[PDB]
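The next block holds one structure in the form of structure tokens; read it before the comments.
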Amino acid sequence: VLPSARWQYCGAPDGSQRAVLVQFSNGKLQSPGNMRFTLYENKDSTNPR
Amino acid sequence: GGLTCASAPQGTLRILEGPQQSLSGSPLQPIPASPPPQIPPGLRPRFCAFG
């Protein structure tokens, strides 16, 4: 194989440091129209569950 | 943190374990055939006719 790439695991392990990937149960998007995306998380970060 | 919609991805990498096949592909090792029944050595006429 001629194409290749050098791996580099960048980014520290953290919650919102993860990129987010989105699906939709009603179809494909095909047009992002002014969709305000907002990601919420729990206040307690000390218990692992 | 506006979380805009990014572009479509180019492709897909998929990582999975590969099996090792240095063992298999060898010559087969079957169960050895049981021998056919051979006559025992040292068989003699034990019965002699009376008189």
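We label chains A, B, ... in the order they appear in the structure tokens, count residues from 1 in each chain, and number ligands from 1 in the order shown.
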>> Which residues are close to residue 1 in chain B, i.e. within 10 Å by only C-alpha atoms, leaving aside same-chain residues fewer than 3 positions away? Reply as a PyMOL selection string.
In response: (chain A and resi 37-39) or (chain B and resi 4)
>> Select, as JSON, numbers by chain, those residues of chain A with any atom no more than 12 Å from chain B (distances computed using only C-alpha atoms).
In response: {"A": [4, 5, 7, 16, 17, 19, 20, 21, 22, 23, 28, 29, 30, 31, 32, 33, 34, 35, 36, 37, 38, 39, 40]}
> So how many Å separate CA of residue 41 in chain A and CA of residue 15 in chain A, to one decimal?
Replying inline: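 Computing the Euclidean distance for CA of residue 41 in chain A and CA of residue 15 in chain A yields 8.9 Å.
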